[PDB]
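As structure tokens, the structure follows; a few thoughts come after it.
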Amino acid sequence: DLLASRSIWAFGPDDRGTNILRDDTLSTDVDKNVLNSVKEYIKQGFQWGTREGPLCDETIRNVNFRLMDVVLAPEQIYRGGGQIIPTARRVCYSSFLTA
Amino acid sequence: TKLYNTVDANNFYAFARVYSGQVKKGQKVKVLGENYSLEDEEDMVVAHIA
Amino acid sequence: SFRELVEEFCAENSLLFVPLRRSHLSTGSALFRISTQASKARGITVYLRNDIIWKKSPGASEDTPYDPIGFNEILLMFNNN
Amino acid sequence: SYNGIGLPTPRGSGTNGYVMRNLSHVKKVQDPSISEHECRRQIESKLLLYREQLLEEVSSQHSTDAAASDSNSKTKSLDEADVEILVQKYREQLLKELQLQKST
Amino acid sequence: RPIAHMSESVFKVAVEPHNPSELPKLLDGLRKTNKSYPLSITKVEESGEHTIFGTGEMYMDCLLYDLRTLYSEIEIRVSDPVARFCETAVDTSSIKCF
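Chains as they are written, first to last, in the deposited numbering: chain A, 739 to 837; chain B, 493 to 542; chain C, 717 to 797; chain D, 2 to 29, 49 to 92, 114 to 145; chain E, 592 to 689.
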């Protein structure tokens, strides 16, 4: 479908990888600039998580991580890339395990 | 793209195709790694050409 | 572990922890790059061994040894510029 | 000396080696339906973007019609009335989801 | 652009020196080996053992011959070969994960 096809963010790990970072944030999000600010370093977290698997220290294949909801109220001062990358890696691991 | 053994396994010969310019022995050249870019400028290494 | 320790320490100081997809030629450890902000001219290249962060002087050859660095040294060098 | 069986050399023992096979060896759904609801609202959003594309096509038709009238660029058909008919479709799909919940 | 090879490694072998007193030469040997074989992937695990990735059994045979004879003239203990795995997901996530 259309929005899903337009929502492809990155491939993991690195180019030629067999994982898809997709995002379905329901639209209706005023914080588009905030989303595009946090995307550039959630990409790195997704690559890190899908390169080093949680099941074993190994790469992940044939899986799309479709983002559901992101909530963050305060200003851009509190949005540290290094503060949020481990969260992305951990949530990717947990989603993969639940699958 | 390749490194070749000397007759005794002590040093390697780099197999290169010169795409442009000219090269002379003793020249100072800068070696770029596999992921050298504007983000990662630390893969650079200065070396001579023996 | 110490890896999560340095991760949350960098998180506290509003830094960016970027993994450089490289391995040290002599020790085989992964190399990481910590940038203070979008200004990329200043960035620290560091690898982790036996729970101590190892640093290299800028412009030094790979065969040169790695000198130690601390959290307070990192903050001192990142807060004055 | 073969597959881990045998002695290194028959010399030193009273035997000749000659190992033999044993000849007697015994060779023997999804709980949080909120995911489906979110998928349904997302496909609704895809249909919304599809109808926006249709509205853009209608706007191109309007631009061609205006150019023909001038003979006798690109313009937009409806800047905001499409948002009211969009809200009408929102009401329609909310009625659909209510009817579907009642059916279940 | 980095070379796009025609195959992957998917063939893992773990090695270690016969006596740990000669660990550094093996490390230099592995470095030289990594230089000379493009799909060879020398890795170090948490346990401290070193794994090598090669295309196949003949590839690893020649690689270990060069390691023993060419580069680091020491004697090594080579483990049994093993494949390179990967993880995937077959069913959709049971619950939302945050």
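Beta carbons: idealized from backbone N, C-alpha and C, even for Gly.
Identify which residue in the options has its Cα closest to the Cα of residue i.
i, options, result
"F689/E", "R817/A, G755/A, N800/A, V808/A", "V808/A"
"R71/D", "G5/D, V128/D, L8/D, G7/D", "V128/D"
"residue 807/C", "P735/C, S730/C, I768/C, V734/C", "There is simply no residue 807/C to check, as chain C begins at 717 and stops at 797 in what is shown."
"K777/A", "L740/A, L805/A, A837/A", "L805/A"
"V669/E", "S638/E, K603/E, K687/E", "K603/E"
Is residue i close to chain A, meaning its C-beta is less than 7 Å from at least one C-beta of that chain?
i, result
"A727/C", "yes"
"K66/D", "yes"
"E778/C", "no"
"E723/C", "yes"
"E678/E", "yes"
"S685/E", "yes"
Classify residue i: buried if its beta carbon has 16 or more other beta carbons within 10 angstroms, exposed otherwise.
i, result
"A826/A", "buried"
"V510/B", "exposed"
"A748/A", "buried"
"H641/E", "buried"
"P774/C", "exposed"
"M597/E", "exposed"
"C794/A", "exposed"
"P611/E", "exposed"
"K137/D", "exposed"
"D657/E", "buried"
Opposite residue i in the DSSP bridges: which residues?
i, result
"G759/C", "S751/C"
"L621/E", "None, per the DSSP bridge assignment."
"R668/E", "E607/E"
"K494/B", "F507/B"
"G750/A", "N757/A"
"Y3/D", "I6/D"
"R804/A", "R760/A"
"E138/D", "DSSP lists no partner for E138/D."
"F644/E", "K603/E, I632/E"
Would you say residue i faces chain B, with C-beta separation under 7 Å as the test?
i, result
"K626/E", "yes"
So, is the C-beta of residue i closer than 7 Å to a C-beta in chain C?
i, result
"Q814/A", "no"
Nearest chain E C-beta to residue i closer than 7 Å, yes or no?
i, result
"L530/B", "no"
"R799/A", "yes"
"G755/A", "no"
"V776/A", "no"
"residue 838/A", "Not covered by the structure: residue 838/A. The range shown for chain A is 739 to 837."
Quick one: is residue i near chain D, going by C-beta distance under 7 Å?
i, result
"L835/A", "no"
Residues from the region 501-528 of chain B in contact with chain E, defined by Cβ distance under 7 Å = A501, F504, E526
Can you give me, in chain order, the residues of the region 630-653 of chain E that have a beta carbon less than 9 Å from any beta carbon in chain A?
-> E636, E637
Chain E contacts made by the region 729-754 of chain C, where a contact means CB separation under 9 Å | Considering only beta carbons, the part of the region 729-754 of chain C lying closer than 9 Å to chain E consists of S739, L741, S742, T743, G744, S745, in chain order.
Contact list for the region 49-82 of chain D against chain A, Cβ threshold 9 Å | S55, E58, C59, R61, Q62, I63, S65, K66, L67, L68, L69, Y70, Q73
Interface residues of the region 593-607 of chain E facing chain A [CB-CB below 8 Å] = none
Give, in chain order, every residue of the region 653-671 of chain E whose Cβ lies closer than 7 Å to some Cβ of chain B.
-> Flagged, chain order: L661, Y662.
What residues in the region 818-834 of chain A have a beta carbon less than 7 Å from any beta carbon of chain C?
-> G818, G819, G820, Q821, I823, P824
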